[PDB]
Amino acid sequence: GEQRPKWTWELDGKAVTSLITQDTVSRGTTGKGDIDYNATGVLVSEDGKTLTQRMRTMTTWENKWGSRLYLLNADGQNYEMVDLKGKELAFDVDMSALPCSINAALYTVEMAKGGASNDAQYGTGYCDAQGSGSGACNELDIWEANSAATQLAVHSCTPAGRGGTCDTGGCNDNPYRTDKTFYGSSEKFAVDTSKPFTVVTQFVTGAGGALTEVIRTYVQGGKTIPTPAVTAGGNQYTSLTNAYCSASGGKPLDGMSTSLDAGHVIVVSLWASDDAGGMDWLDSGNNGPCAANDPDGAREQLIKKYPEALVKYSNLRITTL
């Protein structure tokens, strides 16, 4: 029998336990095969607080593809549904083992609670902003990052549910575009990715209940670290707002605002592109210091150069603003 890891997190100060379940792609030809989480490199600490996700794991066979994980309700049949509007989501993260061209992602999508066919325990029904038909839905990329760069993105789609038209580029910010010393793997950076830090995201609503602002802050060494003010259309912005989204060539927050009312699934996906330059949008050119079109950045080479590449997430908390 499959033994899904239990991840304990905090919802308005109360200890909630969710199950961790891996995507159907990893479950063999039926897509409903059992997962050995030790073999896919997915570990929760004894205290239930820390999730370790490895890119490459060798046991009696070799996991070379990291993992896409969903938070599953304790019922073991439905995804753990969240509505982040008027909430803040915070987690502690160790990014120190994530080189250029890897993507440690923690995000939400408007997947159906039951997945494809009331079978969420098998990690079915995935959708995101890059999909088509049943594979297309609103995507809130809270976290897509390595030790060298990070991006926050809202991908509004209309209509909501599956199969809408999506902003594939998203309303997004990467602090490197404004300040190349904000985020990186030494004490020379405002956020030192060689050491653990807290990622805080506020999903601010208006009186009417519409999502109006997405605010990113970091905490490290007890210091609260705001994101650099970003220039778009000659104006400075300190958060994702409809004005910023418009000015920066993204779609506004409105599609996402409607979508979050349906409930989202929390996705934890550690991945690398099979193509050289597949992650350059995140961490190369004006988005980060990483080598562009790096053949060594392709998954198969990355896992050979950095066989211990992994992410740790701790103390996931969702709190009402």
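Heads up: residue numbers just count along the shown sequence, starting at 1.
Enquirer: Comparing 44-52 with 26-34, where is the mean C-alpha B-factor higher?
Expert: Averaging CA B-factors over each stretch, the winner is 26-34.
Enquirer: Averaging CA B factors per stretch from the PDB record, which one is higher: 189-197 or 225-233?
Expert: Higher mean C-alpha B-factor: 225-233.
Enquirer: Looking at 268, 292, 282, 260, which has the highest Cα B-factor in the entry?
Expert: When the deposited C-alpha B-factors of 268, 292, 282, 260 are compared, 292 is largest.
Enquirer: Sorting 73, 134, 103, 96 by Cα temperature factor from the record, which one lands on top?
Expert: Each of 73, 134, 103, 96 was compared by C-alpha B-factor; the highest is 134.
Enquirer: In terms of the chain's CA B-factor thirds, is residue 184 lowest, middle or highest?
Expert: Answer is lowest: the recorded C-alpha B-factor places it there.
Enquirer: Taking only the Cα B-factors deposited for this chain, tell me whether residue 63 sits in the lowest, middle or highest third.
Expert: Its C-alpha B-factor, which the entry lists for residue 63, ranks in the highest third among residues of this chain.
Enquirer: Could you look up the Cα B-factor of residue 14 in the entry and say which third of the chain it sits in: lowest, middle or highest?
Expert: Its C-alpha B-factor belongs to the middle third of this chain's values.
Enquirer: If you rank every modelled residue in this chain by C-alpha B factor, which third holds residue 108: lowest, middle or highest?
Expert: Its C-alpha B-factor, which the entry lists for residue 108, ranks in the lowest third among residues of this chain.
Enquirer: In terms of the CA temperature factor given in the entry, to which third of its chain does residue 127 belong: lowest, middle or highest?
Expert: Middle third, going by the recorded CA B-factors of the chain.
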